[PDB]
Chemist: 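I'd like to ask some things about the structure below.
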Amino acid sequence: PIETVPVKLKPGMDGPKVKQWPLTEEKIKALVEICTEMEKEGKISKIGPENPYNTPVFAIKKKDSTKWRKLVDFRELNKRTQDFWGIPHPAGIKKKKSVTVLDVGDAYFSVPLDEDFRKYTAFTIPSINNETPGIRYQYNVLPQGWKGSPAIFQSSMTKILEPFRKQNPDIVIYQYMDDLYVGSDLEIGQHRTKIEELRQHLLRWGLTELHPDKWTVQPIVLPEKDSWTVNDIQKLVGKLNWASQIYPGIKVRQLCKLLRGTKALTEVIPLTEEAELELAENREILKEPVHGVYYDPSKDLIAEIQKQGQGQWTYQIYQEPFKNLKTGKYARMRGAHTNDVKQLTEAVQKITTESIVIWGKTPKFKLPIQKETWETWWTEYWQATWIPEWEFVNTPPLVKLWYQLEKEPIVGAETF
Amino acid sequence: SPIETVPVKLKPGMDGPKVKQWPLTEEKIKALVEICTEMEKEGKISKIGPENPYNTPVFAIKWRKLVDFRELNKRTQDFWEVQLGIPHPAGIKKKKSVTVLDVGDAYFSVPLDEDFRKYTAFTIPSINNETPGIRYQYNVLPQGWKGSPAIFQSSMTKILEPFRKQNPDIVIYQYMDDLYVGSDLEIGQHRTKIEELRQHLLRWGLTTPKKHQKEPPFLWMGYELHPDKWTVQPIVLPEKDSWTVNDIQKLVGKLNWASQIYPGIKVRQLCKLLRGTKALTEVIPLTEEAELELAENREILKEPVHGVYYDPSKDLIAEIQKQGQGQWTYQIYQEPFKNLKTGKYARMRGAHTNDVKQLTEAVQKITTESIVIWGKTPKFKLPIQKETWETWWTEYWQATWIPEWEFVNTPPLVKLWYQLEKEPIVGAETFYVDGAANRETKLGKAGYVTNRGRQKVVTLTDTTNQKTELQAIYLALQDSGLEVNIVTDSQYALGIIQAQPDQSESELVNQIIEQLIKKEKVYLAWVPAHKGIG
Ligand SMILES: CC(C)=CCOc1cc(NC(=S)c2ccoc2C)ccc1Cl
C-alpha cells in the first residue's frame with residue numbers, strides 16, 4: 001500500500017518471450033489454486049493476447065511442506081532488467097560458525113509494481129494435452145524471483161531489521177533474492193533460539209544450518225605405495241603432468257625415465273632416488289593452493305562439476321582456468337541413491353548457496369549432463385527461490401581423475 | 001457485437017501498408033462491389049473516405065472475395081502464441097457424446113480495435129482506373145489478418161467462462177473455427193446443453209448453424225476419432241507404373257509417418273532409389289526388392305489399427321523394444337493390448353555412444369511426450385536387466401536417469417557389449433601401441449611392440465594421425481589373445497576408456513569396438529605422449 005517506482009529494462013532490451021515448459025498434472029493443479037487466490041487477492045491479473053511476453057513458471061515443494069510454492073523463472077527478465085546502482089557483500093558473513101537461511105519472499109506482495117513494467121511479468125499456466133488454453137496472468141505487485149523485488153524493498157527491509165541488528169550487533173544479516181542469511185557464532189542452541197527471536201520480529205509484518213568456517217579448501221593427496229608397478233607410475237605421471245598446468249614446479253622427468261622399456265603393465269619398478277625426491281617435491285607443491293588467486297567482482301564466477309560415481313561428485317569454483325577459488329567433494333543425500341539428476345540438483349543448490357554466502361552472487365554452472373536429461377527433471381528436485389545459470393559439458397577424463405585425489409577426513413566429522 | 005475489443009498496435013515504429021489496388025475487370029468489380037455492400041450492411045465494414053493513406057489489395061476468385069494482408073501482417077505487432085500445440089488422441093478421454101459447433105462465421109463477429117481499423121483499408125477498383133475506387137475498412141477481425149486467430153480465441157475464451165463454470169462436467173475444445181463439446185451426460189441432456197451453449201453464444205452475436213453440421217468420427221492428425229475410441233485414417237499407396245523422385249520421396253514420407261502406428265513398415269529399399277538422382281521429375285524404376293517391400297507395406301497398411309483413450313483412474317504403462325542398433329519402438333497403454341499411443345524414433349546415429357545411453361534417451365523423449373499428453377510419466381517396462389542398469393549408470397561419466405521402471409524379458413535385451421578391466425591384467429600380453437602420420441602428406445605408420453617381444457608396423461597412405469593411432473590399437477586387438485593390456489598416448493583412447501562406446505561414427509572405432517567385444521579381458525591404459533615412456 002504505497003506509491004510505485006518507475007522501473008525500466010536495460011536500453012535496447014525487450015521483454016522475455018520464453019516458452020512455458022511442460023508441467024505435471026499436480027504442478028498445474030497447484031498453480032491454478034495458487035493463482036486464482038492471488039488473483040482474488042489482487043496480486044495478479046489475467047491478460048490479453050496483445051501481451052507477447054512470457055516467463056516459465058512452475059511449482060516446488062520447499063523444505064518441510066506439502067503445500068506447493070509457485071516458482072517463476074525470471075532469469076531472462078532479471079538479465080534484461082536495469083541495474084540499481086542492492087547491498088554490498090558483508091565479507092564477514094563468510095566467517096561465521098553458523099549461518100541460517102530464511103525465506104522473506106512473502107514481503108514483496110505487499111508492494112505495488114510499476115504498471116509500465118507489468119507487461120513483462122507475463123507468465124502462463126499450461127493445460128494438460130493442450131485441451132484448454134493457457135491461463136495468462138501478469139503481476140500487479142513485486143514478484144518473488146525478480147531481482148527488482150529485493151532491490152525496491154530494500155529500504156523497508158533495512159528498517160524492519162535495524163532493531164534486531166542493534167539488539168544483536170554480533171550477528172550478520174545478508175539478503176539475497178527472497179533469502180536472508182543470518183550468521184552468528186552463538187552456540188547452536190543460543191543461535192537457533194536467537195533466530196526465532198528474529199523470526200517473531202520479522203513475523204510481525206508478514207514473514208515466515210550452514211557453517212562457512214568448515215568449507216576448508218582441500219589438498220590433492222598423491223598415492224603412496226609399498227611397491228609401484230608400470231601402470232601405477234603411468235597413471236601417476238599422466239595426472240601429475242596434467243596437474244603441471246596448475247603447479248609448474250610439478251615434474252615427471254625422473255619418473256618417465258622409469259617408464260623406459262616395454263615391460264609388462266603389472267611389473268614392479270624400483271624407484272630411483274631421483275624419482276623418490278621428485279615425488280617428494282611434488283607432494284610438497286600440492287601441500288597448498290596455488291598462489292596469487294584472488295576473486296574479481298568484475299568477473300563471472302564459474303562452477304564445474306564432475307561425476308565421480310557411487311553417489312560422489314567434485315566441483316571447483318574459479319573465474320580463470322586452473323585458478324580455483326574453492327573446490328570440494330559432494331556425497332549424495334540420503335534417499336537419492338537411484339537418481340543422478342536429484343543428486344546433481346542438490347549439488348547445484350549447495351554450491352550456489354556457498355557461492356552466495358561467500359561472494360554474494362551465483363556461479364554459472366558447467367554440468368556433466370545432457371541438456372534434455374536436465375531440463376526434463378531438474379525442477380522435480382529444486383527448492384531454492386533463485387535459479388543459477390548453466391551450460392552442459394563433456395567432462396575431460398583427467399579433470400575427474402585429478403580431483404578424485406582430494407584429501408578426506410582421518411575418519412570424518414565425529415559426534416556421538 | 002457487445003464484446004470488448006483488444007488494444008492492437010503496429011510493430012516498433014512501422015507505418016501501416018500502402019500497397020496499390022491490383023487492376024480488375026468489370027465482371028470482378030461488379031462482384032466485389034456486391035459482396036462489400038453486403039458486409040457493409042452486416043456491419044462488418046465501413047465505407048471510409050480520403051482521410052486514409054493506407055491500402056491493401058483486394059482480389060476476386062470464385063464470385064467470392066480475397067484480401068491480401070501479407071503487408072499489413074508483416075507490420076502488425078506480435079501476439080502471444082496462438083495454441084500451436086494441439087491435443088493428441090492418446091491424451092483425450094472417452095466421451096458419451098461429442099458435438100462440433102462450427103462458429104466459423106464468428107471470425108467476422110468479433111469487433112476490431114477501433115484504433116487499428118484504419119490500417120485495414122482496401123479499395124474496390126474503378127472500371128478503368130479512371131474514377132476513384134470504392135474505399136472501405138474493417139470493423140471486425142479480418143479473415144487472414146495476423147491478430148485474428150489469437151484475438152478470436154481469447155474472445156471465445158472469455159465468452160465461454162460462465163458456461164464452463166456452470167457446467168463443470170462438460171468439456172469444450174476450441175480449435176480454429178470449431179468448438180468440440182463433449183460430455184458423459186445422457187444423450188438428451190447433452191443435446192439439451194449444446195443448445196444452451198449455442199444460445200449463450202448467440203447472445204454475443206456468434207451464430208452457429210444442420211446442413212454443414214459436422215459429425216463423428218472426426219479427422220484429427222491422421223486419426224479418425226470416435227467417442228469411445230480412435231482409428232487410423234486408412235493410408236493408400238498409389239499403385240503406379242512410373243515412379244519419379246517426387247513420387248518416391250512423398251511415398252517415403254507417408255510410410256515414415258505410418259511406421260509410428262504400423263509394425264513392420266520398411267523403407268530401406270525405397271530410399272535406395274533416391275541415390276544420385278539428377279532431378280525431382282526423374283523417373284526411377286523400382287528395383288525388385290523395392291517392388292517387394294512396397295508390396296508388404298501395402299498389406300501391413302491394409303490392417304486396421306484401432307485405439308483407446310486416456311482413463312485417468314488407471315495406470316500408464318510404457319513398453320520399449322530395441323528393434324535394431326539405435327532404433328527403438330514403444331507403445332503406451334493402460335490395459336494390455338489397448339494402446340493409447342505407439343511410435344518409434346529415427347535410428348539414433350551420433351559421434352560415439354552406447355545402447356544403455358541411447359535407451360535412457362528414448363526413455364526421456366517418451367517422458368517429455370507423456371508429461372505433455374497426460375501430465376504424468378508412464379511406468380517403464382524395459383528390455384534391460386536391473387543389474388545391467390546399476391552397473392552401467394552408477395559409473396558413467398555423465399549424469400543420467402530412468403524414472404520408475406521394471407525389467408521385461410522381451411528379447412533382444414539391451415546389454416553391455418564389453419567392459420574395460422578396471423586394473424591391468426596379470427599374465428596378459430602388454431601391447432605398447434603407437435601411430436604417427438604427417439598431417440599434410442597423409443602418410444603414416446601404425447604398430448606395436450609387446451613385453452613379449454612381438455612387433456609389427458604398417459605403412460598407411462592417405463591417412464590422418466588419429467587414424468594411425470587407432471589403427472595401432474586395432475592391430476594390437478587383432479594380434480593379441482583373449483586377454484590383453486594395451487597402452488597408448490592417444491587422446492581419443494582416453495575418451496573410449498571413459499565412455500566405452502559400442503557405436504561410433506568412425507568405422508575404424510567400430511572395428512575396434514568389434515574387437516573389444518570379442519576379447520575376454522581388455523585393459524586399456526593411457527599415458528602422455530612424448531615422454532620418457534617407451
Ligand atoms: C482433438 C479433438 C478434436 C477432440 C474432439 O473429439 C473427441 C473428444 C473426446 N474427449 C475429450 S477429452 C474432449 C471433448 C471435447 O473436447 C475434448 C478435447 C472424445 C472423443 C472425441 Cl471424438
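Only heavy atoms go into these numbers, but all of them, side chains included; no hydrogens, no water, no symmetry mates. Order of appearance sets the numbers: ligands from 1, and atoms from 1 within every ligand. Residue numbering restarts at 1 for every chain, and letters A, B, ... go by the order of the sequence lines.
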Chemist: Does B:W374 reach the main-chain N or O of A:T24 with its side chain, forming a donor-acceptor pair under 3.5 Å?
Modeler: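 Between the backbone of A:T24 and the side chain of B:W374 there is no qualifying donor-acceptor contact (under 3.5 Å).
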Chemist: Who's closest to atom 20 (C) of ligand 1 heavy-atom-wise, of B:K94, B:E224, B:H226?
Modeler: B:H226
Chemist: Taking heavy atoms and a distance under 4.0 Å, where does B:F218 meet ligand 1: side chain, backbone, both or neither?
Modeler: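 The answer is the side chain of B:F218.
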Chemist: Under 4.0 Å, heavy atoms only, figure out whether ligand 1 is touched by the backbone of B:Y173, its side chain, both or neither.
Modeler: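 For B:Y173, the contact with ligand 1 is made by both the backbone and the side chain.
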Chemist: Is the positively charged end of A:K17 above the ring of A:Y53, judged by distance under 6.0 angstrom from the centroid and angle within 45° of the axis?
Modeler: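 Relative to the ring axis of A:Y53, which defines the angle, A:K17 lies outside at least one limit.
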Chemist: Return the residue, atom name and 0.1 Å-rounded distance of the protein heavy atom closest to atom 13 (C) of ligand 1.
Modeler: B:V171 CG1, 3.7 Å
Chemist: For the residue pair B:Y330 and B:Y345, is the inter-centroid distance of their aromatic rings smaller than 6.0 Å?
Modeler: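 That pair passes the under 6.0 Å test.
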Chemist: Counting heavy atoms only, which of B:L219, B:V98, A:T132 is nearest atom 21 (C) of ligand 1?
Modeler: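 Among B:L219, B:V98, A:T132, the closest heavy atom to atom 21 (C) of ligand 1 belongs to B:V98.
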Chemist: Need the ligand 1 atom indices (1-based, order shown) with element for anything under 4.0 Å from a heavy-atom of B:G182.
Modeler: 14 (C), 15 (C)
Chemist: Evaluate the ring planes of B:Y173 and B:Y175, with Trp represented by its six-membered ring, and classify them as parallel (under 30°), tilted (30 to 60°) or perpendicular (over 60°).
Modeler: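 The arrangement is tilted - the two ring planes meet at 30° to 60°.
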Chemist: Tell me the nearest of B:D184, B:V181, B:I92 to atom 4 (C) of ligand 1, using heavy-atom distances.
Modeler: B:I92
Chemist: Looking only at distances, can you tell me whether any N or O atom of B:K93, backbone or side chain, sits closer than 3.5 Å to an N or O atom of ligand 1?
Modeler: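 N/O-N/O distance below 3.5 Å exists for this pair.
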Chemist: List ligand 1 atoms under 4.0 Å from B:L225, heavy atoms only on the residue side.
Modeler: 22 (Cl)
Chemist: State whether the side chain of B:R164 and the backbone N or O of B:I159 hold a donor-acceptor pair below 3.5 Å, judged by distance alone.
Modeler: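 Not confirmed, B:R164 side chain does not pair with B:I159 backbone.
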Chemist: Before we go on, tell me: are the rings of B:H226 and B:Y309 under 6.0 Å apart, centre to centre?
Modeler: no
Chemist: Here's one to test your reading of the geometry: is the NZ or CZ of A:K43 within 45 degrees of the ring axis of A:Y139 and under 6.0 Å from its centre?
Modeler: no
